[PDB]
Each structure stands twice: as structure tokens, then as C-alpha cells.
Amino acid sequence: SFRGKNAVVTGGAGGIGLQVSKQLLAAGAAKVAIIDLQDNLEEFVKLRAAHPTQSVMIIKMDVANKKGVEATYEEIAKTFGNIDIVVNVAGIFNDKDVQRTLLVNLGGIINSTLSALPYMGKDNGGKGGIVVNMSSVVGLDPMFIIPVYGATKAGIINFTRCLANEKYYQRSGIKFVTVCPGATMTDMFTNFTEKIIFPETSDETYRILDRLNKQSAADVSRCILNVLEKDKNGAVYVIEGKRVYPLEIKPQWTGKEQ
Amino acid sequence: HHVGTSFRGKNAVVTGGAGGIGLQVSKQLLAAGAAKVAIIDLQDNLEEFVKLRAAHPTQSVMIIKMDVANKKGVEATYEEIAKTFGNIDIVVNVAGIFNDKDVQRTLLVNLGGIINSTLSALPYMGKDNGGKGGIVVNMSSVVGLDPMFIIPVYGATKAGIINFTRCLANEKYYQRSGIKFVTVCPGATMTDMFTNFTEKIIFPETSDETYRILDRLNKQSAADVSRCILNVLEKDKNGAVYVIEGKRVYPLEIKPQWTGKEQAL
Ligand SMILES: NC(=O)c1ccc[n+]([C@@H]2O[C@H](COP(=O)([O-])OP(=O)(O)OC[C@H]3O[C@@H](n4cnc5c(N)ncnc54)[C@H](O)[C@@H]3O)[C@@H](O)[C@H]2O)c1
Ligand SMILES: NC(=O)c1ccc[n+]([C@@H]2O[C@H](COP(=O)([O-])OP(=O)(O)OC[C@H]3O[C@@H](n4cnc5c(N)ncnc54)[C@H](O)[C@@H]3O)[C@@H](O)[C@H]2O)c1
Ligand SMILES: [Mg+2]
Ligand SMILES: [Mg+2]
């Protein structure tokens, strides 16, 4: 299934990304590299032990750091020698810090995606592969409480769909997929109300926070592995209530000129 | 330079107003009778504005040199504008760059600039804070609606602007502030943004595809787009998204992307 495959996962020390890393290994992935800010060291020790015939590599790196990411990917390629799968999950919610939100959520995805390509492409010696970028349902349909976060999520979609063009695919053999999950119980929502732009919308946060138990990080991760098996270039998937929904995206309809 | 009455007695701010589209927006606002016009740009273009001031001697034309990426700078700039003008009715956020080789700059300017400007203006416009309400128009692009594979980073920022702006137009906010939020999405337009275009794309092997954009530059001008923008302002419809192509304005009827009709797979 994913046996013999080499994978990289940003945000792979926690939440959804952690479950992606775990499940990839449990699905028989040869090698798994984790790029994250947080150490979670005790957790990775036991993970190595549970997969003694599989490589588990952790690099502490901020995905916002372009050169850092570039360097990190270099280190991975020395060890791995090839990359088949990239899952870019890293992201934060903090609408009070615009610059950080933009650079992490949108720049991180881009930095990681672009840094991986030379080690994956059929041109430059690779065998091709797949990149899955973490967007959100709110990137598809704006959610008024969280405009800055949402903007970064919409950007990820546009970015990822672009790279899936036939022009690139024929040359690189790399596929590009976006996933858009709904509310999911993770540390991203810790102190959520403290981090929203408009304090007078604190009484509307229930709209998100009451739905967190409707799917888990593990559930979302299972849907992601499902998305990987489909291996369909340019696809966009919604992940809601533990299920995967393929989107057929149609261009916007235009009214008569005013 | 006949002065009309369309925007008579109104105070306006325009980011990116020293050149291209934004310049024409500034010019046309003044020609449409705007009381006061503040320009936020990296460049001052005094020679153009000295003459413009002279042609509009009863109208204020203020230029402040500021990078829209700079949060505090923009905040400070807005304070200065509010002290001078005394109130803000209209904001047109046009500032933006194309340079996909500089990801961080693209993100912070094109997306962060829109956000910084939009958020910095709200306290001076809102009814809940002594303002009279007003309108913000944010500059996206058609590529923000339908991705254009040559320019993924630029396009990402354009898509973001749409999502950001549509959020702020929620009835929840409007009732309190009386501020409206509108997005415009123009097609290709002959401007300095396309100078040295092909050297600024990410993937050099797509240089033979740039014609797809560069051959459409002649279908509408910076002045044409600006006229459509003033047209959008007159419509004054909260939450609206407009496409600007071949010198014409097209209102989009946006339907949600995620619906229950999809089957699980
Ligand atoms: N939880 C949800 O409701 C939900 C829904 C849809 C999409 N998402 C996406 O999932 C991602 C968040 O994952 P989560 O929900 O498990 O949250 P989480 O906080 O549990 O996990 C995020 C992980 O990313 C890492 N990270 C954060 N910033 C980083 C940076 N600059 N560099 C490197 N690593 C960094 C963190 O260490 C953390 O382990 C975000 O991209 C978010 O857009 C979340
Ligand atoms: N011309 C087109 O094809 C087209 C189509 C759709 C949207 N747009 C939008 O038009 C905007 C401006 O481009 P243009 O076509 O008018 O050409 P332009 O480059 O002449 O105009 C941009 C203006 O914004 C200013 N500016 C740039 N970066 C800035 C910053 N960080 N801070 C302050 N000011 C800054 C520049 O000095 C310039 O005066 C872009 O945001 C772009 O998204 C252009
Ligand atoms: Mg978590
Ligand atoms: Mg420009």
C-alpha cells in the first residue's frame, strides 16, 4: 500500500500531522521524516520502537523559514535518497498575529512544497510522487469569525491547484492534491476566543467549538491516507464527519454587465 | 478638468495610488468630485500630483510614503490621515506586486497589505466608534477566482483577498459598523506590474506559456479598470464580488463550494 515509500510530513509532531505520521508507518511506509517546531521527544522514542524496521527522522524547523526548510529538505534527501510523498499539515490559528499567520500557514505550505520538488521530479532524477496540502472548508466557504486564517486557507487551494497543471505533470510526474477538513478536536483551538480579531464575535465561536468532537485527528488522518490511495492530480477533498467528499470545482457564473 | 458630483464631499484613501490602476482611481475620484483623497504608496509621484492639485484647487490631495506590509506604519499613516481629513468614507486597496520569486514579499505585500489597510481603517469608519460608516474595496484578480498555473504564489494571495473581504461583509459586522466590503477581480491590464514579467516567474520552463497572459494586456487599460471601480462604488452593495474584463463590470453570484450533494469516497 504505502510500503517502500518515503514520506515527509510538516506539522507531524502533533495533532493531525502526528496521526498522519503514525498511520503512514502503520501502513508500512519505509521512511518518514517529520518537520515541526515542537520536539515531542518522548513520543518519537516509542514510535521508533513500534517500527524498528522503518526510519523515523525528526527535524526541528520553522516552516516559515525558507532557507531553513531548503536546508532541512537537503538533509532528508541525503538520508532518504528519494521522496515519494509529502503531506504539508503545519499551521496555526492566531488572527491577532497577521504576519505570523500568513508566513506560517501560507508561506510554510509553499516553502515546503517548493523545496520538495527537486527531489521528487522525473526531471532531476526522481521518480515523481504526490504532495497533499492542508487547507480547510473555510478556504472554500468563508467563515466570518476567522478572516485572516481563512484567507491563508483559500490561498493554499489556489496555490495547489495551479501546480497540478498538465504542463508541470508531464515533466515532473508530481501530483498535487488539496484537503479541506471541517472542525476537528485539536490544540489549534486552544484559547480560540483569545485569538479572534473581533471580540464582539466571541458569542459566535460556539459555531466552531461545539463541532470539535464530530471528528478526530485520527479520523481526518485516515481520510488523508484514503486521499493518497486515490492519487488523483488536481483533486480537492472535503473531510467532514470522518468522511471524504471529492469536490468537482466549477468556475464562477457571471451575471450581465452593469 | 471638470469636477462632477458623484462622490461630492467624500474622503477617500487609495493604497497603490501613485501609479497604474490606483493612480487612475485617485484621478477619477477627484474628477468625480471627491473632497479629499489620500494616497498610500511607496512612491510619491509629486510631478503628477502637483499638477493634479492645481487642477483640483478646492480638493485635498495627500500623499504618504508607506509600505503596506508594515502593520505599525500603516496604522500610523491612518492616524495621520484621520487627523488631517477628519473622517474616512471610502478605502480602495489597490497596492500589490507581481514577483513569485520573492514569496515572503508577495505574501506580506499583496495579502498583508490589504489586511493591514482594511483593519487599520475600520476604527475611523465605523458607526460604533463615531464614524459615519462607509465602503472598502479590495483589489483581487480573476486568477484569484480561477487559478492560473504560471503564477501560483501571486494567485494564492489573490484568492486570499477574496475570502478575507467576503468575511468582513457579514451582517453581524455591518449592523454594528455600517461599513461595506466589496472585492473586484480584474483580468489582464496593461500596467507596470508586467514589466520584466517572465524573469519573475517561478518555473523558467513556463516562460513559453507567458503569452497566455501577455497577449491579453491590450483588452483594457488602467483607466478603464478604474472607471469600472468607481462604478462598483456607486453600486455600494455589501459582500459583492465583481469581475472586470474588456472594460466592463460583471457581478458574480457566488454559490458555496461545499454542499451535501457530494458522495463520500
Ligand atoms: N483542527 C481543525 O479544526 C482543522 C481543520 C481543517 C484544517 N486544519 C489544519 O490543520 C493544521 C493544524 O493542525 P492541527 O489542527 O492538528 O493543530 P495542532 O496544533 O494539533 O498541530 C499543528 C502542528 O503544526 C506544528 N507547527 C505549527 N507551526 C509551525 C511552524 N511554523 N513550523 C513547523 N511546525 C509548525 C505544531 O508544532 C503542531 O504540532 C492547520 O494547517 C489547519 O489549517 C485544522
Ligand atoms: N494589471 C493587471 O493585470 C491586474 C489585474 C488584476 C489585478 N491587478 C492588481 O493591481 C495591483 C497593482 O498593480 P498595477 O497593475 O496597478 O501596476 P503598478 O505596479 O503600476 O501599480 C501598483 C502600485 O502600488 C504601489 N505599491 C506596490 N507595492 C507596494 C507596497 N508594499 N506598499 C505601498 N505601495 C505599493 C506601487 O508603487 C504602484 O504605484 C496589484 O495588486 C494587482 O493584484 C492587476
Ligand atoms: Mg493536537
Ligand atoms: Mg506592481
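What you see below is based on every heavy atom in this structure, not just the backbone, and it leaves out hydrogens, waters and symmetry mates. Indexing begins at 1, ligand by ligand and atom by atom, following the structure's order. Below, chains carry the letters A, B, ... as their sequence lines are ordered, and counting in each starts from 1.
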Heavy atom under 4.0 Å from ligand 1: found in A:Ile92's side chain, backbone, both, or neither?
side chain
Ligand 1 versus A:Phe189: contacting region, heavy-atom distance under 4.0 Å:
side chain
I want to know if ligand 1 touches A:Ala13 in the polar sense, i.e. an N/O pair below 3.5 angstrom.
no
Is the closest N or O pair between A:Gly17 and ligand 1 shorter than 3.5 Å?
no
Output the list of atoms in ligand 1 that are nearer than 4.0 Å to some heavy atom of [X], sorted by atom number.
| X | value |
| --- | --- |
| A:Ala183 | 3 (O) |
| A:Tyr149 | 7 (C), 8 (N), 42 (C), 43 (O) |
| A:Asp62 | 30 (C), 31 (N), 32 (N) |

Return yes when [X] approaches ligand 1 closer than 4.0 angstrom through a heavy atom, no otherwise.
| X | result |
| --- | --- |
| A:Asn105 | no |
| A:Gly182 | yes |
| A:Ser135 | yes |
| A:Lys153 | yes |
| A:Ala217 | no |

Should the pair A:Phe93 and A:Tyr149 be assigned to parallel (<30°), tilted (30 to 60°) or perpendicular (>60°) ring geometry?
perpendicular
Residue and atom name of the nearest protein heavy atom (relative to [atom]), distance in Å to one decimal:
| atom | result |
| --- | --- |
| atom 12 (C) of ligand 1 | A:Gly91 O, 3.8 Å |
| atom 4 (C) of ligand 1 | A:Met188 CE, 3.9 Å |
| atom 23 (C) of ligand 1 | A:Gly11 O, 3.8 Å |
| atom 10 (O) of ligand 1 | A:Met134 CG, 3.7 Å |

Which is closest to atom 17 (O) of ligand 1 by heavy-atom distance: A:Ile208, A:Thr186, A:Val137?
A:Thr186
Taking all atoms of both residues into account, what is the closest heavy-atom pair of B:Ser207 and B:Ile201, and its distance?
N-CD1, 3.7 Å
